[PDB]
$ cat protein.txt   # compact mmCIF, N, CA, C and O atoms and all ligand atoms
# COMPACT_ATOMS: atom_id res chain seq x y z
N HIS S 1 0.85 -1.23 0.00
CA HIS S 1 0.00 0.00 0.00
C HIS S 1 0.86 1.25 0.00
O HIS S 1 2.00 1.23 0.47
N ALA S 2 0.32 2.34 -0.54
CA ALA S 2 0.94 3.49 -0.53
C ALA S 2 0.08 4.48 -0.22
O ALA S 2 -1.09 4.42 -0.56
N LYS S 3 0.58 5.50 0.47
CA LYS S 3 -0.22 6.67 0.81
C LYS S 3 -0.01 7.76 -0.24
O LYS S 3 1.10 7.96 -0.73
N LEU S 4 -1.09 8.46 -0.57
CA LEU S 4 -1.05 9.53 -1.56
C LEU S 4 -1.05 10.87 -0.83
O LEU S 4 -2.02 11.22 -0.16
N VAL S 5 0.05 11.61 -0.96
CA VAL S 5 0.18 12.90 -0.30
C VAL S 5 0.18 14.00 -1.37
O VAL S 5 0.82 13.86 -2.41
N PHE S 6 -0.54 15.10 -1.12
CA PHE S 6 -0.70 16.12 -2.15
C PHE S 6 0.05 17.41 -1.81
O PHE S 6 0.02 17.97 -0.71
N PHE S 7 0.77 17.89 -2.82
CA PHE S 7 1.50 19.15 -2.70
C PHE S 7 1.20 20.02 -3.91
O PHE S 7 0.75 19.53 -4.94
N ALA S 8 1.45 21.32 -3.78
CA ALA S 8 1.11 22.26 -4.84
C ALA S 8 2.05 23.45 -4.78
O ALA S 8 2.47 23.88 -3.70
N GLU S 9 2.37 23.98 -5.96
CA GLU S 9 3.05 25.26 -6.08
C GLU S 9 2.67 25.89 -7.41
O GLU S 9 2.91 25.30 -8.47
N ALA S 10 -1.52 26.75 -11.07
CA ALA S 10 -0.54 25.91 -10.32
C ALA S 10 -0.94 24.41 -10.42
O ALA S 10 -2.12 24.06 -10.47
N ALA S 11 0.11 23.52 -10.46
CA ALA S 11 -0.12 22.09 -10.57
C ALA S 11 -0.20 21.42 -9.20
O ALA S 11 0.57 21.75 -8.29
N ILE S 12 -1.13 20.49 -9.06
CA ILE S 12 -1.23 19.65 -7.87
C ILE S 12 -0.44 18.38 -8.13
O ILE S 12 -0.63 17.72 -9.16
N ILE S 13 0.44 18.02 -7.20
CA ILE S 13 1.29 16.84 -7.33
C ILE S 13 0.94 15.89 -6.20
O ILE S 13 1.06 16.25 -5.02
N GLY S 14 0.49 14.69 -6.55
CA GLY S 14 0.20 13.67 -5.58
C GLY S 14 1.27 12.60 -5.53
O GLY S 14 1.31 11.71 -6.38
N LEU S 15 2.17 12.69 -4.55
CA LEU S 15 3.25 11.74 -4.42
C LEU S 15 2.73 10.44 -3.82
O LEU S 15 2.05 10.44 -2.80
N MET S 16 3.07 9.32 -4.47
CA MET S 16 2.67 8.00 -4.00
C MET S 16 3.81 7.44 -3.15
O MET S 16 4.81 6.96 -3.67
N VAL S 17 3.65 7.52 -1.83
CA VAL S 17 4.63 6.95 -0.92
C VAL S 17 4.15 5.56 -0.52
O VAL S 17 3.48 5.38 0.50
N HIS U 1 -16.99 16.86 11.11
CA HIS U 1 -16.00 16.91 10.00
C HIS U 1 -15.22 15.61 9.91
O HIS U 1 -15.06 14.90 10.90
N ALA U 2 -14.73 15.30 8.71
CA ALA U 2 -13.99 14.25 8.52
C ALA U 2 -12.95 14.55 7.72
O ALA U 2 -13.06 15.37 6.83
N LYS U 3 -11.81 13.90 7.96
CA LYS U 3 -10.63 14.07 7.12
C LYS U 3 -10.59 12.99 6.05
O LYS U 3 -10.94 11.83 6.31
N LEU U 4 -10.17 13.36 4.85
CA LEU U 4 -10.09 12.44 3.72
C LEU U 4 -8.63 12.04 3.54
O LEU U 4 -7.78 12.88 3.21
N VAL U 5 -8.33 10.76 3.76
CA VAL U 5 -6.98 10.25 3.62
C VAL U 5 -6.91 9.32 2.40
O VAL U 5 -7.81 8.51 2.20
N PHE U 6 -5.86 9.43 1.59
CA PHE U 6 -5.81 8.67 0.34
C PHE U 6 -4.75 7.57 0.38
O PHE U 6 -3.60 7.72 0.78
N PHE U 7 -5.19 6.39 -0.06
CA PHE U 7 -4.31 5.24 -0.16
C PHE U 7 -4.47 4.60 -1.53
O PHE U 7 -5.47 4.82 -2.21
N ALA U 8 -3.48 3.80 -1.93
CA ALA U 8 -3.49 3.22 -3.26
C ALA U 8 -2.72 1.91 -3.25
O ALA U 8 -1.73 1.76 -2.52
N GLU U 9 -3.19 0.96 -4.06
CA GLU U 9 -2.44 -0.25 -4.35
C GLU U 9 -2.85 -0.76 -5.73
O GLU U 9 -4.03 -1.04 -5.97
N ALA U 10 -4.17 0.78 -10.98
CA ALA U 10 -4.39 0.70 -9.50
C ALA U 10 -5.48 1.72 -9.07
O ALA U 10 -5.61 2.80 -9.65
N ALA U 11 -6.29 1.33 -8.04
CA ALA U 11 -7.36 2.18 -7.54
C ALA U 11 -6.89 3.07 -6.40
O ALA U 11 -6.14 2.64 -5.53
N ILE U 12 -7.34 4.32 -6.42
CA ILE U 12 -7.11 5.24 -5.31
C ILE U 12 -8.31 5.17 -4.38
O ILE U 12 -9.46 5.26 -4.83
N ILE U 13 -8.05 4.99 -3.09
CA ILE U 13 -9.10 4.85 -2.08
C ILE U 13 -8.96 6.02 -1.11
O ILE U 13 -7.92 6.17 -0.47
N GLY U 14 -10.00 6.83 -1.02
CA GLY U 14 -10.03 7.93 -0.08
C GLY U 14 -10.91 7.63 1.11
O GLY U 14 -12.14 7.74 1.03
N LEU U 15 -10.30 7.24 2.23
CA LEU U 15 -11.04 6.91 3.43
C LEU U 15 -11.50 8.18 4.13
O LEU U 15 -10.70 9.09 4.36
N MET U 16 -12.78 8.24 4.47
CA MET U 16 -13.36 9.38 5.17
C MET U 16 -13.32 9.07 6.66
O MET U 16 -14.16 8.32 7.17
N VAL U 17 -12.35 9.64 7.36
CA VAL U 17 -12.27 9.48 8.81
C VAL U 17 -12.92 10.70 9.45
O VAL U 17 -12.27 11.69 9.79
N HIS N 1 0.15 7.65 -19.31
CA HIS N 1 -0.72 8.15 -18.20
C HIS N 1 -2.11 7.54 -18.28
O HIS N 1 -2.47 6.89 -19.27
N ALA N 2 -2.89 7.76 -17.23
CA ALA N 2 -4.15 7.41 -17.20
C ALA N 2 -4.86 8.42 -16.67
O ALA N 2 -4.35 9.14 -15.83
N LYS N 3 -6.10 8.58 -17.11
CA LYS N 3 -6.99 9.58 -16.52
C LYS N 3 -7.49 9.07 -15.18
O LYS N 3 -7.84 7.89 -15.05
N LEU N 4 -7.53 9.95 -14.18
CA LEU N 4 -8.01 9.60 -12.85
C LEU N 4 -9.44 10.10 -12.69
O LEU N 4 -9.71 11.30 -12.84
N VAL N 5 -10.36 9.18 -12.39
CA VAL N 5 -11.78 9.50 -12.30
C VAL N 5 -12.27 9.22 -10.87
O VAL N 5 -12.06 8.12 -10.37
N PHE N 6 -12.92 10.19 -10.22
CA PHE N 6 -13.30 10.00 -8.82
C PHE N 6 -14.81 9.82 -8.64
O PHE N 6 -15.66 10.43 -9.28
N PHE N 7 -15.13 8.92 -7.71
CA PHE N 7 -16.50 8.66 -7.30
C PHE N 7 -16.57 8.63 -5.78
O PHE N 7 -15.54 8.49 -5.12
N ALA N 8 -17.78 8.75 -5.22
CA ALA N 8 -17.93 8.84 -3.78
C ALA N 8 -19.22 8.17 -3.34
O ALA N 8 -20.18 8.08 -4.11
N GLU N 9 -19.23 7.69 -2.10
CA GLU N 9 -20.45 7.16 -1.49
C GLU N 9 -20.24 6.92 0.01
O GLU N 9 -19.20 6.41 0.42
N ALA N 10 -18.38 6.58 4.70
CA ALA N 10 -18.25 6.74 3.23
C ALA N 10 -16.77 6.62 2.79
O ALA N 10 -15.85 6.55 3.61
N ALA N 11 -16.56 6.60 1.43
CA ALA N 11 -15.22 6.48 0.88
C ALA N 11 -15.16 6.95 -0.57
O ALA N 11 -16.05 6.66 -1.37
N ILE N 12 -14.10 7.68 -0.89
CA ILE N 12 -13.84 8.13 -2.25
C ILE N 12 -13.11 7.02 -2.99
O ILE N 12 -12.23 6.36 -2.43
N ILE N 13 -13.47 6.82 -4.26
CA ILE N 13 -12.83 5.82 -5.11
C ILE N 13 -12.34 6.53 -6.37
O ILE N 13 -13.16 7.05 -7.14
N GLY N 14 -11.03 6.55 -6.56
CA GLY N 14 -10.43 7.08 -7.77
C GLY N 14 -9.91 5.95 -8.64
O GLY N 14 -9.13 5.11 -8.19
N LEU N 15 -10.36 5.93 -9.90
CA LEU N 15 -9.98 4.88 -10.83
C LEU N 15 -9.20 5.47 -11.99
O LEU N 15 -9.46 6.59 -12.44
N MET N 16 -8.23 4.69 -12.48
CA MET N 16 -7.24 5.14 -13.46
C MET N 16 -7.62 4.61 -14.83
O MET N 16 -7.26 3.49 -15.21
N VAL N 17 -8.38 5.39 -15.60
CA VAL N 17 -8.63 5.06 -16.99
C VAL N 17 -7.36 5.36 -17.77
O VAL N 17 -7.21 6.43 -18.35
N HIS T 1 5.99 25.98 -1.44
CA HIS T 1 5.14 24.76 -1.57
C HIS T 1 4.03 24.76 -0.52
O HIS T 1 4.18 25.36 0.55
N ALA T 2 2.93 24.10 -0.84
CA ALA T 2 1.94 23.96 0.01
C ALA T 2 1.47 22.70 -0.02
O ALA T 2 1.47 22.06 -1.05
N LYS T 3 1.01 22.22 1.13
CA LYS T 3 0.40 20.90 1.23
C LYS T 3 -1.11 21.02 1.11
O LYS T 3 -1.72 21.95 1.63
N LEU T 4 -1.72 20.06 0.42
CA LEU T 4 -3.17 20.04 0.21
C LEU T 4 -3.78 19.02 1.16
O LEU T 4 -3.52 17.82 1.05
N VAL T 5 -4.58 19.50 2.10
CA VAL T 5 -5.23 18.64 3.08
C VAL T 5 -6.73 18.60 2.81
O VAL T 5 -7.33 19.65 2.54
N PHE T 6 -7.35 17.42 2.88
CA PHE T 6 -8.75 17.30 2.49
C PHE T 6 -9.66 17.04 3.69
O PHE T 6 -9.44 16.20 4.56
N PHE T 7 -10.75 17.80 3.72
CA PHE T 7 -11.77 17.65 4.75
C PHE T 7 -13.14 17.59 4.10
O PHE T 7 -13.31 18.02 2.96
N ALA T 8 -14.12 17.06 4.83
CA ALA T 8 -15.45 16.87 4.27
C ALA T 8 -16.49 16.92 5.38
O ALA T 8 -16.23 16.48 6.50
N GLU T 9 -17.65 17.47 5.05
CA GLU T 9 -18.82 17.37 5.91
C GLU T 9 -20.07 17.44 5.03
O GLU T 9 -20.28 18.42 4.31
N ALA T 10 -22.38 15.80 0.17
CA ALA T 10 -21.40 16.55 1.01
C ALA T 10 -20.23 17.06 0.13
O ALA T 10 -19.82 16.42 -0.84
N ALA T 11 -19.69 18.27 0.49
CA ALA T 11 -18.59 18.87 -0.25
C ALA T 11 -17.24 18.48 0.31
O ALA T 11 -17.05 18.42 1.53
N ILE T 12 -16.29 18.20 -0.58
CA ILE T 12 -14.90 17.97 -0.20
C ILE T 12 -14.16 19.29 -0.29
O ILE T 12 -14.24 19.99 -1.31
N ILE T 13 -13.44 19.65 0.77
CA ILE T 13 -12.71 20.90 0.84
C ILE T 13 -11.23 20.57 0.97
O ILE T 13 -10.82 19.91 1.93
N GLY T 14 -10.44 21.02 0.00
CA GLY T 14 -9.01 20.84 0.04
C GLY T 14 -8.29 22.12 0.41
O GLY T 14 -8.10 23.01 -0.43
N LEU T 15 -7.89 22.24 1.68
CA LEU T 15 -7.21 23.43 2.15
C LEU T 15 -5.75 23.41 1.70
O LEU T 15 -5.05 22.41 1.88
N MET T 16 -5.31 24.52 1.11
CA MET T 16 -3.93 24.66 0.65
C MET T 16 -3.13 25.33 1.76
O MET T 16 -3.21 26.55 1.95
N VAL T 17 -2.38 24.54 2.52
CA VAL T 17 -1.52 25.09 3.56
C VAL T 17 -0.12 25.23 2.98
O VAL T 17 0.73 24.35 3.10
N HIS C 1 -23.73 5.94 -5.85
CA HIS C 1 -22.50 6.78 -5.91
C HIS C 1 -22.80 8.15 -6.51
O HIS C 1 -23.89 8.40 -7.03
N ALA C 2 -21.81 9.04 -6.42
CA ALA C 2 -21.88 10.21 -6.99
C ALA C 2 -20.69 10.47 -7.57
O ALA C 2 -19.67 10.02 -7.08
N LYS C 3 -20.71 11.20 -8.68
CA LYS C 3 -19.48 11.62 -9.32
C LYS C 3 -18.85 12.77 -8.53
O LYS C 3 -19.56 13.67 -8.08
N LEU C 4 -17.54 12.72 -8.36
CA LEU C 4 -16.81 13.76 -7.63
C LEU C 4 -16.15 14.69 -8.64
O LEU C 4 -15.35 14.25 -9.47
N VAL C 5 -16.48 15.98 -8.55
CA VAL C 5 -16.00 16.98 -9.50
C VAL C 5 -15.16 18.02 -8.75
O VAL C 5 -15.63 18.59 -7.77
N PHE C 6 -13.93 18.29 -9.21
CA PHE C 6 -13.05 19.19 -8.46
C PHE C 6 -12.86 20.54 -9.16
O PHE C 6 -12.74 20.68 -10.38
N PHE C 7 -12.83 21.58 -8.33
CA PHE C 7 -12.54 22.94 -8.77
C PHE C 7 -11.52 23.56 -7.83
O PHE C 7 -11.30 23.07 -6.73
N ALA C 8 -10.89 24.66 -8.26
CA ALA C 8 -9.82 25.26 -7.49
C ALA C 8 -9.82 26.77 -7.66
O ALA C 8 -10.28 27.29 -8.69
N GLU C 9 -9.31 27.47 -6.65
CA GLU C 9 -9.11 28.91 -6.73
C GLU C 9 -8.29 29.41 -5.55
O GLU C 9 -8.51 29.00 -4.41
N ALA C 10 -5.57 29.83 -1.30
CA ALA C 10 -6.49 29.11 -2.23
C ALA C 10 -7.07 27.85 -1.56
O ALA C 10 -6.69 27.46 -0.46
N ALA C 11 -8.05 27.20 -2.28
CA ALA C 11 -8.69 26.00 -1.76
C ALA C 11 -9.35 25.19 -2.88
O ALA C 11 -9.98 25.74 -3.78
N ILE C 12 -9.19 23.88 -2.80
CA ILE C 12 -9.83 22.95 -3.72
C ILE C 12 -11.23 22.65 -3.21
O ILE C 12 -11.44 22.49 -2.00
N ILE C 13 -12.19 22.58 -4.12
CA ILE C 13 -13.57 22.25 -3.79
C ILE C 13 -14.00 21.07 -4.64
O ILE C 13 -14.04 21.16 -5.87
N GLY C 14 -14.29 19.95 -3.98
CA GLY C 14 -14.82 18.76 -4.64
C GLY C 14 -16.30 18.60 -4.33
O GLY C 14 -16.69 18.57 -3.16
N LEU C 15 -17.11 18.51 -5.38
CA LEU C 15 -18.55 18.39 -5.24
C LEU C 15 -19.03 17.05 -5.78
O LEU C 15 -18.49 16.54 -6.77
N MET C 16 -20.05 16.50 -5.13
CA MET C 16 -20.53 15.14 -5.37
C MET C 16 -21.80 15.21 -6.21
O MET C 16 -22.90 15.34 -5.68
N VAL C 17 -21.66 15.14 -7.53
CA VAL C 17 -22.82 14.99 -8.40
C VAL C 17 -23.30 13.55 -8.27
O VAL C 17 -22.95 12.69 -9.08
N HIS G 1 -12.52 30.50 -10.88
CA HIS G 1 -12.13 29.10 -10.58
C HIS G 1 -11.51 28.44 -11.81
O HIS G 1 -11.54 28.98 -12.91
N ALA G 2 -10.95 27.25 -11.59
CA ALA G 2 -10.49 26.52 -12.56
C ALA G 2 -10.86 25.24 -12.34
O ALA G 2 -10.99 24.84 -11.20
N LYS G 3 -11.09 24.49 -13.41
CA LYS G 3 -11.40 23.07 -13.29
C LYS G 3 -10.12 22.30 -12.97
O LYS G 3 -9.07 22.58 -13.55
N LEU G 4 -10.21 21.35 -12.04
CA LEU G 4 -9.07 20.53 -11.65
C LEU G 4 -9.18 19.18 -12.35
O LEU G 4 -10.17 18.46 -12.18
N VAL G 5 -8.15 18.83 -13.12
CA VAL G 5 -8.14 17.61 -13.92
C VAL G 5 -7.00 16.70 -13.45
O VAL G 5 -5.86 17.15 -13.39
N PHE G 6 -7.29 15.43 -13.13
CA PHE G 6 -6.25 14.56 -12.57
C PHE G 6 -5.79 13.49 -13.56
O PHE G 6 -6.54 12.88 -14.33
N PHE G 7 -4.48 13.25 -13.52
CA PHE G 7 -3.84 12.19 -14.30
C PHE G 7 -2.89 11.42 -13.39
O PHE G 7 -2.52 11.90 -12.32
N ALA G 8 -2.49 10.22 -13.82
CA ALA G 8 -1.67 9.36 -12.98
C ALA G 8 -0.70 8.55 -13.83
O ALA G 8 -0.97 8.28 -15.01
N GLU G 9 0.42 8.17 -13.23
CA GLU G 9 1.37 7.27 -13.86
C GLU G 9 2.43 6.81 -12.86
O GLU G 9 2.94 7.60 -12.08
N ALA G 10 5.27 6.01 -8.75
CA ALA G 10 4.24 6.75 -9.54
C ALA G 10 3.87 8.08 -8.85
O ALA G 10 4.29 8.37 -7.73
N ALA G 11 3.04 8.91 -9.57
CA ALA G 11 2.62 10.20 -9.04
C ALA G 11 1.37 10.72 -9.75
O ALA G 11 1.24 10.61 -10.97
N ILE G 12 0.46 11.27 -8.96
CA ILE G 12 -0.75 11.90 -9.48
C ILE G 12 -0.42 13.33 -9.85
O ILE G 12 0.32 14.02 -9.14
N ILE G 13 -0.97 13.79 -10.97
CA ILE G 13 -0.79 15.17 -11.43
C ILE G 13 -2.16 15.78 -11.64
O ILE G 13 -2.93 15.32 -12.50
N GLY G 14 -2.48 16.81 -10.86
CA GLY G 14 -3.70 17.57 -11.02
C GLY G 14 -3.41 18.93 -11.63
O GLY G 14 -2.57 19.68 -11.11
N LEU G 15 -4.08 19.22 -12.74
CA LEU G 15 -3.87 20.47 -13.45
C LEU G 15 -5.14 21.31 -13.43
O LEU G 15 -6.26 20.78 -13.49
N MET G 16 -4.95 22.63 -13.37
CA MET G 16 -6.03 23.59 -13.14
C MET G 16 -6.38 24.25 -14.47
O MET G 16 -5.78 25.25 -14.86
N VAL G 17 -7.36 23.69 -15.18
CA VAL G 17 -7.90 24.36 -16.36
C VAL G 17 -8.78 25.50 -15.86
O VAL G 17 -9.99 25.36 -15.74
CL CL S 101 3.68 8.05 5.50
CL CL S 102 -6.96 12.02 11.76
CL CL S 103 1.60 20.72 7.37
$ encode --input "protein.txt" --output "structure tokens"
Amino acid sequence: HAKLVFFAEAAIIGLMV
Amino acid sequence: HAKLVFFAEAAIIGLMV
Amino acid sequence: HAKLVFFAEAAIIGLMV
Amino acid sequence: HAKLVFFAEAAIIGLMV
Amino acid sequence: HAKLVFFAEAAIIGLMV
Amino acid sequence: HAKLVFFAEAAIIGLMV
């Protein structure tokens, strides 16, 4: 499983950890 | 209120806590 | 890539077309 | 950068911190 | 289910059609 | 507002039309 964390600076980036 | 947490393994699952 | 499509009903379900 | 946190009570609200 | 539709302007707003 | 459109491939990419 991975957790999806969202960041932004505009484009939203969801990193799959 | 509930927080939406996202997990993945593909389908993304957003658990409403 | 795949298109990400979201549904809801609780828990959110995102599917990757 | 900002982190996107999701809350719900229905409308989903993504706060950009 | 409902379709989840996202908008942005900051804060993201997801609405459940 | 802008419409938020999501794609995936890993990392999710949300773009603001
Ligand atoms: Cl973690
Ligand atoms: Cl919590
Ligand atoms: Cl934080």
$ calpha_fit_and_write --input "protein.txt" --fixed "chain T" --moving "chain G" --output "PDB file with N, CA, C and O atoms, keeping the file's coordinate frame"
ATOM      1  N   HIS G   1       5.688  25.385  -2.575  1.00  0.00           N
ATOM      2  CA  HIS G   1       4.514  24.478  -2.524  1.00  0.00           C
ATOM      3  C   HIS G   1       3.738  24.677  -1.224  1.00  0.00           C
ATOM      4  O   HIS G   1       4.184  25.361  -0.310  1.00  0.00           O
ATOM      5  N   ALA G   2       2.561  24.052  -1.168  1.00  0.00           N
ATOM      6  CA  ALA G   2       1.847  24.032  -0.084  1.00  0.00           C
ATOM      7  C   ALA G   2       1.358  22.784   0.080  1.00  0.00           C
ATOM      8  O   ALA G   2       1.120  22.100  -0.895  1.00  0.00           O
ATOM      9  N   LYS G   3       1.192  22.365   1.328  1.00  0.00           N
ATOM     10  CA  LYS G   3       0.581  21.073   1.620  1.00  0.00           C
ATOM     11  C   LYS G   3      -0.928  21.169   1.402  1.00  0.00           C
ATOM     12  O   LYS G   3      -1.546  22.162   1.789  1.00  0.00           O
ATOM     13  N   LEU G   4      -1.508  20.148   0.772  1.00  0.00           N
ATOM     14  CA  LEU G   4      -2.941  20.103   0.513  1.00  0.00           C
ATOM     15  C   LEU G   4      -3.595  19.203   1.555  1.00  0.00           C
ATOM     16  O   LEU G   4      -3.251  18.022   1.674  1.00  0.00           O
ATOM     17  N   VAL G   5      -4.556  19.758   2.294  1.00  0.00           N
ATOM     18  CA  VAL G   5      -5.219  19.054   3.387  1.00  0.00           C
ATOM     19  C   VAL G   5      -6.713  18.920   3.076  1.00  0.00           C
ATOM     20  O   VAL G   5      -7.359  19.924   2.795  1.00  0.00           O
ATOM     21  N   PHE G   6      -7.269  17.700   3.134  1.00  0.00           N
ATOM     22  CA  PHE G   6      -8.668  17.513   2.735  1.00  0.00           C
ATOM     23  C   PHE G   6      -9.583  17.241   3.929  1.00  0.00           C
ATOM     24  O   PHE G   6      -9.279  16.538   4.898  1.00  0.00           O
ATOM     25  N   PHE G   7     -10.775  17.831   3.836  1.00  0.00           N
ATOM     26  CA  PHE G   7     -11.847  17.618   4.809  1.00  0.00           C
ATOM     27  C   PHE G   7     -13.146  17.359   4.056  1.00  0.00           C
ATOM     28  O   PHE G   7     -13.252  17.658   2.867  1.00  0.00           O
ATOM     29  N   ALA G   8     -14.142  16.805   4.752  1.00  0.00           N
ATOM     30  CA  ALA G   8     -15.385  16.419   4.102  1.00  0.00           C
ATOM     31  C   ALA G   8     -16.565  16.611   5.046  1.00  0.00           C
ATOM     32  O   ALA G   8     -16.403  16.561   6.274  1.00  0.00           O
ATOM     33  N   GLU G   9     -17.739  16.832   4.470  1.00  0.00           N
ATOM     34  CA  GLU G   9     -18.976  16.886   5.229  1.00  0.00           C
ATOM     35  C   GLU G   9     -20.187  16.903   4.296  1.00  0.00           C
ATOM     36  O   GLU G   9     -20.193  17.597   3.291  1.00  0.00           O
ATOM     37  N   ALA G  10     -23.302  16.895   0.310  1.00  0.00           N
ATOM     38  CA  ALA G  10     -21.967  17.051   0.963  1.00  0.00           C
ATOM     39  C   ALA G  10     -20.941  17.653  -0.020  1.00  0.00           C
ATOM     40  O   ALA G  10     -21.205  17.824  -1.210  1.00  0.00           O
ATOM     41  N   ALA G  11     -19.719  17.978   0.524  1.00  0.00           N
ATOM     42  CA  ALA G  11     -18.663  18.563  -0.291  1.00  0.00           C
ATOM     43  C   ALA G  11     -17.291  18.400   0.365  1.00  0.00           C
ATOM     44  O   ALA G  11     -17.142  18.565   1.576  1.00  0.00           O
ATOM     45  N   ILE G  12     -16.309  18.063  -0.458  1.00  0.00           N
ATOM     46  CA  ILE G  12     -14.921  17.956  -0.018  1.00  0.00           C
ATOM     47  C   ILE G  12     -14.298  19.334  -0.074  1.00  0.00           C
ATOM     48  O   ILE G  12     -14.541  20.108  -1.007  1.00  0.00           O
ATOM     49  N   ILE G  13     -13.483  19.653   0.927  1.00  0.00           N
ATOM     50  CA  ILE G  13     -12.761  20.928   0.984  1.00  0.00           C
ATOM     51  C   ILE G  13     -11.286  20.628   1.147  1.00  0.00           C
ATOM     52  O   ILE G  13     -10.868  20.050   2.164  1.00  0.00           O
ATOM     53  N   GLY G  14     -10.487  21.009   0.152  1.00  0.00           N
ATOM     54  CA  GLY G  14      -9.046  20.899   0.213  1.00  0.00           C
ATOM     55  C   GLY G  14      -8.411  22.264   0.409  1.00  0.00           C
ATOM     56  O   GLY G  14      -8.681  23.194  -0.366  1.00  0.00           O
ATOM     57  N   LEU G  15      -7.603  22.380   1.457  1.00  0.00           N
ATOM     58  CA  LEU G  15      -6.960  23.640   1.786  1.00  0.00           C
ATOM     59  C   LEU G  15      -5.448  23.513   1.657  1.00  0.00           C
ATOM     60  O   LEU G  15      -4.866  22.460   1.958  1.00  0.00           O
ATOM     61  N   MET G  16      -4.818  24.610   1.230  1.00  0.00           N
ATOM     62  CA  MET G  16      -3.405  24.630   0.851  1.00  0.00           C
ATOM     63  C   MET G  16      -2.611  25.276   1.983  1.00  0.00           C
ATOM     64  O   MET G  16      -2.458  26.495   2.036  1.00  0.00           O
ATOM     65  N   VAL G  17      -2.099  24.457   2.902  1.00  0.00           N
ATOM     66  CA  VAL G  17      -1.162  24.957   3.904  1.00  0.00           C
ATOM     67  C   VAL G  17       0.175  25.161   3.200  1.00  0.00           C
ATOM     68  O   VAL G  17       1.045  24.301   3.231  1.00  0.00           O
TER      69      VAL G  17
END
$ interface_residues --input "protein.txt" --of "chain U" --to "chain N" --cutoff "4.5 Å" --atoms "only N, CA, C and O atoms" --output "tab-separated table (two decimals) with N, CA, C and O atoms, keeping the file's coordinate frame"
chain	number	residue	atom	x	y	z
U	10	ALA	N	-4.17	0.78	-10.98
U	10	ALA	CA	-4.39	0.70	-9.50
U	10	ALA	C	-5.48	1.72	-9.07
U	10	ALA	O	-5.61	2.80	-9.65
U	11	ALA	N	-6.29	1.33	-8.04
U	11	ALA	CA	-7.36	2.18	-7.54
U	11	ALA	C	-6.89	3.07	-6.40
U	11	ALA	O	-6.14	2.64	-5.53
U	12	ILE	N	-7.34	4.32	-6.42
U	12	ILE	CA	-7.11	5.24	-5.31
U	12	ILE	C	-8.31	5.17	-4.38
U	12	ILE	O	-9.46	5.26	-4.83
U	13	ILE	N	-8.05	4.99	-3.09
U	13	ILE	CA	-9.10	4.85	-2.08
U	13	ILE	C	-8.96	6.02	-1.11
U	13	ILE	O	-7.92	6.17	-0.47
U	14	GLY	N	-10.00	6.83	-1.02
U	14	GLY	CA	-10.03	7.93	-0.08
U	14	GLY	C	-10.91	7.63	1.11
U	14	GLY	O	-12.14	7.74	1.03
U	16	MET	N	-12.78	8.24	4.47
U	16	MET	CA	-13.36	9.38	5.17
U	16	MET	C	-13.32	9.07	6.66
U	16	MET	O	-14.16	8.32	7.17
$ select_by_dssp --input "protein.txt" --residues "chain S" --states "strand (DSSP E)" --output "ChimeraX atom specification"
/S:2-8,12-16
$ decode --input "protein.txt" --residues "segment 4-13 of chain N" --atoms "N, CA, C and O atoms" --output "PDB file, in the first residue's frame"
ATOM      1  N   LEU N   4      -7.534   9.948 -14.184  1.00  0.00           N
ATOM      2  CA  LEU N   4      -8.010   9.603 -12.851  1.00  0.00           C
ATOM      3  C   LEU N   4      -9.441  10.102 -12.692  1.00  0.00           C
ATOM      4  O   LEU N   4      -9.705  11.301 -12.839  1.00  0.00           O
ATOM      5  N   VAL N   5     -10.355   9.184 -12.392  1.00  0.00           N
ATOM      6  CA  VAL N   5     -11.778   9.497 -12.297  1.00  0.00           C
ATOM      7  C   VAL N   5     -12.267   9.219 -10.871  1.00  0.00           C
ATOM      8  O   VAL N   5     -12.058   8.118 -10.365  1.00  0.00           O
ATOM      9  N   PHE N   6     -12.918  10.189 -10.223  1.00  0.00           N
ATOM     10  CA  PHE N   6     -13.298  10.005  -8.818  1.00  0.00           C
ATOM     11  C   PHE N   6     -14.806   9.816  -8.642  1.00  0.00           C
ATOM     12  O   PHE N   6     -15.663  10.428  -9.281  1.00  0.00           O
ATOM     13  N   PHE N   7     -15.126   8.916  -7.714  1.00  0.00           N
ATOM     14  CA  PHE N   7     -16.504   8.661  -7.302  1.00  0.00           C
ATOM     15  C   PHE N   7     -16.571   8.628  -5.779  1.00  0.00           C
ATOM     16  O   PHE N   7     -15.544   8.485  -5.117  1.00  0.00           O
ATOM     17  N   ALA N   8     -17.775   8.747  -5.221  1.00  0.00           N
ATOM     18  CA  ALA N   8     -17.927   8.836  -3.777  1.00  0.00           C
ATOM     19  C   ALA N   8     -19.221   8.167  -3.342  1.00  0.00           C
ATOM     20  O   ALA N   8     -20.182   8.081  -4.110  1.00  0.00           O
ATOM     21  N   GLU N   9     -19.233   7.693  -2.100  1.00  0.00           N
ATOM     22  CA  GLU N   9     -20.445   7.160  -1.485  1.00  0.00           C
ATOM     23  C   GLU N   9     -20.235   6.922   0.006  1.00  0.00           C
ATOM     24  O   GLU N   9     -19.196   6.411   0.423  1.00  0.00           O
ATOM     25  N   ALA N  10     -18.379   6.584   4.702  1.00  0.00           N
ATOM     26  CA  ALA N  10     -18.250   6.742   3.226  1.00  0.00           C
ATOM     27  C   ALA N  10     -16.773   6.622   2.787  1.00  0.00           C
ATOM     28  O   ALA N  10     -15.854   6.550   3.607  1.00  0.00           O
ATOM     29  N   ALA N  11     -16.558   6.597   1.431  1.00  0.00           N
ATOM     30  CA  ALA N  11     -15.216   6.480   0.876  1.00  0.00           C
ATOM     31  C   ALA N  11     -15.159   6.952  -0.572  1.00  0.00           C
ATOM     32  O   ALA N  11     -16.048   6.663  -1.373  1.00  0.00           O
ATOM     33  N   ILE N  12     -14.102   7.680  -0.894  1.00  0.00           N
ATOM     34  CA  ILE N  12     -13.841   8.131  -2.254  1.00  0.00           C
ATOM     35  C   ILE N  12     -13.110   7.025  -2.994  1.00  0.00           C
ATOM     36  O   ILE N  12     -12.228   6.363  -2.433  1.00  0.00           O
ATOM     37  N   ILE N  13     -13.472   6.819  -4.256  1.00  0.00           N
ATOM     38  CA  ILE N  13     -12.825   5.824  -5.105  1.00  0.00           C
ATOM     39  C   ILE N  13     -12.344   6.526  -6.365  1.00  0.00           C
ATOM     40  O   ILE N  13     -13.157   7.046  -7.140  1.00  0.00           O
TER      41      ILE N  13
END
